[PDB]
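**Q** Starting off with a structure, shown below.
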Amino acid sequence: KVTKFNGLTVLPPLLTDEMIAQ
Amino acid sequence: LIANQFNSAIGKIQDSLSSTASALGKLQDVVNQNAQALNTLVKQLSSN
Amino acid sequence: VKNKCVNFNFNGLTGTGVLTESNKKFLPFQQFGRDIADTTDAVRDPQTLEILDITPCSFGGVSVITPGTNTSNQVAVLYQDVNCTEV
Amino acid sequence: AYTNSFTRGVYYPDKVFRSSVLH
Ligand SMILES: *[C@@H]1O[C@H](CO)[C@@H](O)[C@H](O)[C@H]1NC(C)=O
Ligand SMILES: *[C@@H]1O[C@H](CO)[C@@H](O)[C@H](O)[C@H]1NC(C)=O
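Heads up: the sequence lines are chains L, F, Z and G, in that order. Mapping of the first sequence onto PDB author numbering: residues 825 to 827, 854 to 872, in sequence order. So for the second sequence, PDB author numbering puts the first residue at 922; every next one is plus one. So for the third sequence, PDB author numbering puts the first residue at 534; every next one is plus one. So for the fourth sequence, PDB author numbering puts the first residue at 27; every next one is plus one.
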């Protein structure tokens with residue numbers, strides 16, 4: 825249900867969605 | 922009886938979530954504001 | 534030159550990027566493509582009517598992993614968001 | 027006489043290839 855190249859970097863979260871579901 | 926009332930009650934939550942996204946408004950709102958903020962950021966690049 | 538980080542200017546357009554062949558099909562009149570942010574991503578080669586994508590050259594933050602210098606001086610470097618080829 | 031120009035008349039303003047972009 826829930827849904854560039856100019857220095858804008860999106861860091862990944864530390865707890866991946868697999869771990870959170872754990 | 923309570924088991925049946927509890928089991929059915931979980932059942933409705935699926936259907937409310939399955940069809941209508943109005944419940945998920947609050948999380949979706951956070952995504953829009955942040956995503957929309959970046960669009961304003963890159964847009965300012967084209968401005969003279 | 535394609536598939537390589539090259540500084541380029543097409544029809545005097547200018548810029549730096551990685552020139553790659555593009556599957557996107559321009560309409561005959563068009564010459565320059567653009568992205569959502571109105572950033573040049575595709576061009577039509579002047580001499581040969583070929584449609585080239587502009588992919589900006591790779592880059593990212595460099596993070597340093599270190600245990601406290603009190604413990605040791607060995608260090609590990611984290612190159613963010615780059616495949617282990619560009620290094 | 028008069029008639030209604032319902033929707034006709036839009037022309038590609040410039041030389042671009044925006045894809046799935048609302049410009
Ligand atoms: C950090 O190094 C100093 C030596 O300059 C030492 O005296 C100190 O004990 C060290 N810290 C720890 C937590 O061992
Ligand atoms: C890095 O490139 C190789 C092909 O050269 C590819 O198999 C691999 O998935 C790439 N890694 C990432 C993180 O994109």
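We put the beta carbon where it would ideally sit given N, CA and C, even for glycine.
What I want to know is whether the C-beta of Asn603(Z) ends up closer than 8 Å to one or more non-hydrogen atoms of ligand 1.
**A** Answer for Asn603(Z): yes, Cβ within range of ligand 1.
**Q** Which of the residues in the stretch 856-868 of chain L, read from start to end, lie with their CB under 7 Å from any CB of chain B?
**A** Looking for chain B here will not work: the only protein chains present are L, F, Z and G.
**Q** Hey, is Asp578(Z)'s beta-carbon within less than 9 Å of any beta-carbon in chain G?
**A** Output row for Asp578(Z): interface = no.
**Q** Would you kindly work out how many angstroms separate the C-alpha atoms of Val42(G) and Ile931(F), rounded to a whole number?
**A** Distance between the alpha carbons of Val42(G) and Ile931(F): 52 Å.
**Q** Taking the DSSP output, what are the residues bridged to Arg577(Z)?
**A** DSSP lists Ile584(Z) as partners of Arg577(Z).
**Q** What did DSSP end up calling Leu611(Z) once you bin it into helix, strand or coil?
**A** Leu611(Z): strand per DSSP, three-state reduction.
**Q** Under 9 Å, Cβ to Cβ, is there at least one residue of chain L near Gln954(F)?
**A** Chain L, which has no Cβ nearer than 9 Å to the Cβ of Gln954(F), makes this no.
**Q** May I ask you to list, following chain order, the residues of the stretch 555-575 of chain Z that have a beta carbon less than 7 Å from some beta carbon of chain F?
**A** Residues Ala570 and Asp571.
**Q** State yes or no: is the C-beta of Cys590(Z) within less than 9 Å of the C-beta of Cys538(Z)?
**A** Cβ atoms of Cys590(Z) and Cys538(Z): closer than 9 Å.
**Q** Given this structure, state the Cα-to-Cα distance separating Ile569(Z) from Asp40(G), to the nearest angstrom.
**A** The straight-line gap from Cα to Cα measures roughly 16 Å.
**Q** Of all the options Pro579(Z), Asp571(Z), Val597(Z) and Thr573(Z), which has the alpha carbon lying nearest to the alpha carbon of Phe562(Z)?
**A** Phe562(Z) has its Cα closest to that of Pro579(Z), out of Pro579(Z), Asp571(Z), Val597(Z) and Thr573(Z).
**Q** Is it right to say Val597(Z) is buried, meaning 16 or more other beta carbons lie within 10 angstroms of its own, or is it exposed?
**A** Classification of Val597(Z): exposed, given that the 10 Å Cβ count is below 16.
**Q** Checking contacts by CB at 9 Å: is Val963(F) closer than that to chain Z?
**A** Yes, because at least one Cβ of chain Z sits closer than 9 Å to the Cβ of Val963(F).
**Q** Three-state secondary structure (DSSP) at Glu868(L)?
**A** DSSP places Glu868(L) in helix when its eight states are reduced to three.
**Q** Using a Cβ-Cβ distance cut-off of 9 Å, determine whether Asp614(Z) contacts chain L.
**A** Yes - at least one Cβ of chain L is within 9 Å of the one on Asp614(Z).
**Q** What is the residue span of the beta strand (DSSP E) that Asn540(Z) lies within?
**A** Here the beta strand (DSSP E) through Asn540(Z) covers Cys538 to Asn540.
**Q** How would you label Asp574(Z), buried or exposed, when you count the other beta carbons within 10 angstroms and need 16 or more for buried?
**A** It is buried - the Cβ of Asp574(Z) has at least 16 other Cβ atoms within 10 Å.
**Q** So what's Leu922(F) in DSSP terms, helix, strand or just coil?
**A** Note: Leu922(F) maps to coil in three-state DSSP.
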